[PDB]
Every structure is written in structure tokens, then in C-alpha cells.
Peer 1: 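Next up is a structure, given as C-alpha cells.
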Amino acid sequence: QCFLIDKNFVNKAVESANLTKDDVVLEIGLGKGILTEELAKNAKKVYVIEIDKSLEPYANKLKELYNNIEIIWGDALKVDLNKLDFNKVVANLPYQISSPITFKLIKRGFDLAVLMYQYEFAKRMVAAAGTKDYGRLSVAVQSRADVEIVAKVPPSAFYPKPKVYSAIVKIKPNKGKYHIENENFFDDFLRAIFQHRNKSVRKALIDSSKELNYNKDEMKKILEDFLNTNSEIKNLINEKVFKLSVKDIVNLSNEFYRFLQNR
Ligand SMILES: Nc1ncnc2c1ncn2[C@@H]1O[C@H](CSCC[C@H](N)C(=O)O)[C@@H](O)[C@H]1O
């Protein structure tokens with residue numbers, strides 16, 4: 001585990017979290033508790049989910065100085081977040097859990113998250129439509145939240161040192177912006193189309209038709225009829241997957257869902 005030892009980056013993450021004494025913060029991972037302490041100082045209360053019980057000495061020492069820290073010993077991928085009341089998440093994430101934890105947190109919901117990722121992962125998260133790092137992860141995150149890189153973090157900020165850069169990413173959930181009709185279908189639709197990101201949406205959906213539980217002949221006919229509903233759909237499905245904006249992907253999947261339900 002690479003612990004964050006540079007207080008300048010701790011400060012940047014905390015400042016970006018815009019904390020007040022009315023905020024309740026969830027932290028994933030304790031480390032030496034350098035971030036934990038700053039959260040404790042500034043927030044109403046901090047929950048720390050930590051998998052490694054050997055780190056108890058840091059926890060015990062922290063509770064002697066701060067009365068508003070609660071440790072939950074366990075695996076953050078296993079813990080039922082629904083049973084916790086918090087409005088913000090601030091963490092130097094274990095990079096191996098980056099993807100599942102991000103969606104688990106977004107599913108649970110929060111006002112704002114400020115999270116450390118590997119830099120490449122963060123770049124994919126915030127990638128603009130039609131660019132080389134734009135992909136399924138970009139759309140899955142941006143369709144549900146506004147995301148931005150707050151700072152690039154060098155290996156020297158950590159001990160022991162990682163091999164690559166990290167990034168602080170700010171996440172502000174945004175349900176209204178795009179409005180996903182059906183979460184399950186949208187997830188299936190995203191999987192199908194980004195299995196073939198350089199192909200047209202049409203050709204991607206035919207190739208990955210089994211991801212939506214249709215055979216290739218059914219899907220081809222479906223899209224013939226779907227294309228006949230309006231000219232906007234025609235232009236969208238003929239375009240390359242990675243070139244569609246998040247807005248257009250959400251709208252397209254919404255319309256396709258409705259089309260399929262009526263069929
Ligand atoms: N699945 C998991 N659930 C909860 N904690 C985990 C975890 N996997 C790793 N951890 C813990 O998360 C921490 C990651 S290193 C980050 C430590 C600290 N936040 C800092 O900035 O220095 C370690 O304490 C490690 O034991």
C-alpha cells in the first residue's frame with residue numbers, strides 16, 4: 001500500500017471537498033491517518049472503512065485526539081453503504097478497487113466525492129467525446145456525474161513510491177443533466193457498443209447483439225425499423241461509437257429502450 005505522505009496533496013483534496021461542520025465524510029482506507037486527521041478537523045464526523053486490522057495503532061491514537069472518527073474494519077467492496085449516513089467521500093483509493101468502488105459509491109449517492117486514482121484511470125474518467133481515452137468508463141461516469149481532475153500527483157508524494165502518477169478527481173453526481181430511463185438497459189447498451197468503439201453504433205449493436213439478448217438477424221431488422229422512427233436516430237446510429245457525446249449516447253439508449261419495450 002502506497003501511503004500519501006505529502007500534506008500539500010492532502011490539503012488539495014480536502015480543500016476541493018469544500019468541507020463544513022455539517023458534512024459527514026466517508027473515507028476508504030486509513031493509512032497513517034494523515035488524510036483522516038484533516039477530515040476529522042473539518043467535518044462533522046468521519047467514517048473510515050479499513051481492511052487491514054494491523055493499522056489499529058493509528059486508529060487508536062486518532063480517537064485519542066478526535067472524538068468524531070468511527071472505524072469500520074472490513075472490505076469496502078463488501079460493506080453495505082446503505083447502512084451509513086454520510087454526504088461526502090474523500091479518499092486515497094486502493095487502485096485495484098477503482099472501478100467497482102466508484103460505481104458502488106455513485107449508486108449509493110453522495111453530494112461530492114474527492115478521490116485519488118491512478119492517472120491513466122482518471123484520464124479515462126474525464127476524457128472528452130471523440131478522443132483517444134474516451135470509452136465505456138468515461139460515459140458510465142460522466143452520464144451520472146460531473147468529473148474533473150483537480151491535480152496530478154507525482155510518485156514522490158507517496159511512500160512507498162508508486163511506479164506511475166496518481167490524480168485527484170472531483171465527482172459531483174448529476175441525475176438531472178442526462179436522465180437515464182433504465183439503468184440496467186443503459187449498462188447493457190454501453191457494454192455492447194464499447195465492445196466495438198471504432199465501429200458505427202449500428203454495426204456494434206449487431207456484433208454484440210447477444211449482450212442485449214437478441215440474435216444478429218433480429219438486431220439487424222430491429223435497427224432497420226428503429227432508424228425509421230426519426231432522422232436524428234439515423235444520424236446517431238451511423239456514427240462511430242467513440243464519437244458520440246455522453247448526451248447523445250444517453251438519449252439514444254433511452255429512445256432504443258422505449259422502442260424495444262413497445263416491441
Ligand atoms: N478493499 C479494501 N477496503 C478497505 N480498505 C482497503 C481495501 N484495500 C486496501 N485497503 C486499505 O486502503 C489503504 C490504501 S493506501 C491509502 C492510505 C491512506 N488513505 C493514505 O492516503 O495514505 C490501506 O490502508 C489499505 O490497507
Side-chain angles (χ1 to χ4, degrees), residues 1-6 8-19 23 25-39 42-43 46 48-51 76-77 86-95 97-162 164-174 190 194 197 242 245-246:
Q1 311 291 329
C2 298
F3 293 164
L4 182 60
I5 66 169
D6 193 334
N8 295 297
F9 293 102
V10 175
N11 290 346
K12 214 149 225 190
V14 171
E15 192 277 338
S16 181
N18 198 17
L19 298 180
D23 292 333
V25 180
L26 176 66
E27 182 181 19
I28 309 300
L30 179 66
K32 306 276 188 167
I34 292 165
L35 176 53
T36 312
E37 171 157 33
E38 289 311 300
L39 304 177
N42 288 290
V46 59
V48 188
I49 306 179
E50 175 55 54
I51 204 176
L77 291 179
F86 61 95
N87 75 327
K88 283 184 182 177
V89 193
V90 189
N92 172 22
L93 296 171
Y95 77 88
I97 69 171
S98 294
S99 205
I101 203 56
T102 302
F103 302 101
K104 182 184 185 175
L105 289 168
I106 289 162
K107 188 162 185 174
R108 167 66 183 86
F110 51 82
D111 293 11
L112 193 69
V114 178
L115 305 173
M116 183 90 63
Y117 294 98
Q118 283 179 321
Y119 178 63
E120 288 301 323
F121 194 90
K123 267 165 66 176
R124 292 170 51 216
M125 286 175 80
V126 304
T131 66
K132 57 187 197 179
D133 296 333
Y134 189 68
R136 192 172 84 191
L137 173 69
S138 329
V139 184
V141 175
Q142 287 171 46
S143 67
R144 295 180 168 100
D146 301 325
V147 291
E148 65 178 64
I149 287 171
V150 173
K152 204 182 179 176
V153 186
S156 70
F158 305 87
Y159 192 84
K161 287 176 68 173
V164 299
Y165 276 71
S166 296
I168 298 175
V169 172
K170 184 174 176 178
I171 304 172
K172 185 180 97 163
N174 198 327
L190 287 186
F194 284 99
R197 67 96 78 177
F242 80 100
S245 68
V246 174

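In this chain, numbering begins with 1 at the start of the sequence shown.
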Peer 1: Would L137 and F103 satisfy side chain to side chain contact (heavy atoms under 4.5 Å, CB included), going step by step from the backbone distance to the final call?
Peer 2: CA-CA 10 Å; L137 173 69; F103 302 101; 3.7 Å; yes
Peer 1: Starting at OG of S16, measure out to CG of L112 and round the result to the nearest 0.5 Å.
Peer 2: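 Going from OG on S16 over to CG on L112, the span is 6.5 Å.
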Peer 1: Roughly how far, to the nearest 0.5 Å, is CD1 of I171 from CD of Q142?
Peer 2: 11.0 Å
Peer 1: Side-chain contact, heavy-atom cut-off 4.5 Å: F158 with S166?
Peer 2: yes
Peer 1: Distance check, rounded to the nearest 0.5 Å: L30 atom CG versus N92 atom CG?
Peer 2: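 CG of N92 is found 11.5 Å from CG of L30.
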Peer 1: Search all heavy atoms of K161 against all heavy atoms of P155 and return the closest pair with its distance.
Peer 2: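 Of all heavy-atom pairs spanning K161 and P155, the closest is CG-O, 3.5 Å.
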Peer 1: Nearest 0.5 Å please: distance from the CG atom of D23 over to the NZ atom of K88.
Peer 2: 3.5 Å
Peer 1: Just jot down the side chain to side chain contact (heavy atoms under 4.5 Å, CB included) partners of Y159, sequence neighbours excluded, or say none.
Peer 2: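 By the side chain to side chain contact (heavy atoms under 4.5 Å, CB included) rule, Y159 matches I5.
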Peer 1: Is there side-chain contact between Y117 and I149, with at least one heavy-atom pair below 4.5 Å?
Peer 2: no
Peer 1: Between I28 and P94, which heavy-atom pair has the shortest distance, and what is it?
Peer 2: CG2-CD, 4.1 Å
Peer 1: State the CD1-CD1 distance between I51 and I97, to the nearest 0.5 angstrom.
Peer 2: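 One gets 8.5 Å once the value is rounded to the nearest 0.5 Å.
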Peer 1: The criterion is side-chain hydrogen bond (donor to acceptor under 3.5 Å, both in side chains); which residues satisfy it with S245, sequence neighbours excluded?
Peer 2: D248
Peer 1: Just jot down the side-chain hydrogen bond (donor to acceptor under 3.5 Å, both in side chains) partners of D111, sequence neighbours excluded, or say none.
Peer 2: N87
Peer 1: Measuring from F9:CZ to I34:CD1, what's the distance to the nearest 0.5 Å?
Peer 2: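 Here the interatomic distance stands at 14.0 Å.
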Peer 1: Taking side-chain hydrogen bond (donor to acceptor under 3.5 Å, both in side chains) as the test, write out the residues that go with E50, two or more places apart.
Peer 2: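 None.
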Peer 1: Distance-only, no hydrogens or angles: does the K104 side chain make a donor-acceptor pair with backbone N or O of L77 under 3.5 Å?
Peer 2: yes
Peer 1: List for me each residue that meets side chain to side chain contact (heavy atoms under 4.5 Å, CB included) alongside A17, sequence neighbours excluded, and say none if there are none.
Peer 2: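 If we apply the side chain to side chain contact (heavy atoms under 4.5 Å, CB included) test to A17, skipping adjacent residues, the hits are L19, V90, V114.
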Peer 1: In chain order, what residues pass the salt bridge (charged side-chain N to carboxylate O under 4.0 Å, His left out) check against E15, with sequence neighbours excluded?
Peer 2: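 Salt bridge (charged side-chain N to carboxylate O under 4.0 Å, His left out) check on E15 returns nothing, list empty.
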Peer 1: With sequence neighbours excluded, what pairs up with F110 under the ring pair (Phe, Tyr, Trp, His ring centres under 6.0 Å) test?
Peer 2: none
Peer 1: Can you confirm whether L35 sits close enough to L4 that some side-chain heavy atom of one is under 4.5 Å from a side-chain heavy atom of the other?
Peer 2: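 The answer is no, as the side chains (C-beta and beyond) never meet within the 4.5 Å cut-off.
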Peer 1: Could you tell me whether a side-chain N or O of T102 sits under 3.5 Å from a main-chain N or O of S98, the two making a donor and an acceptor?
Peer 2: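 Judged by distance alone, yes, a pair lies under 3.5 Å.
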Peer 1: According to side-chain hydrogen bond (donor to acceptor under 3.5 Å, both in side chains), does anything in residues 119-129 pair up with another residue at least two apart or in another chain? List the pairs.
Peer 2: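 Qualifying pairs, neighbours excluded: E120-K123.
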Peer 1: Kindly write out the residues that satisfy side chain to side chain contact (heavy atoms under 4.5 Å, CB included) with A127, not counting sequence neighbours, or none if the list is empty.
Peer 2: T131, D133, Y134, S138
Peer 1: How would you list, by chain and number, every residue that makes a side-chain hydrogen bond (donor to acceptor under 3.5 Å, both in side chains) with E148, sequence neighbours excluded?
Peer 2: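 For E148 there are no side-chain hydrogen bond (donor to acceptor under 3.5 Å, both in side chains) partners, ignoring immediate neighbours.
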Peer 1: Can you sort out the partners of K170 under salt bridge (charged side-chain N to carboxylate O under 4.0 Å, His left out), two or more places apart, ordered by chain and number?
Peer 2: none
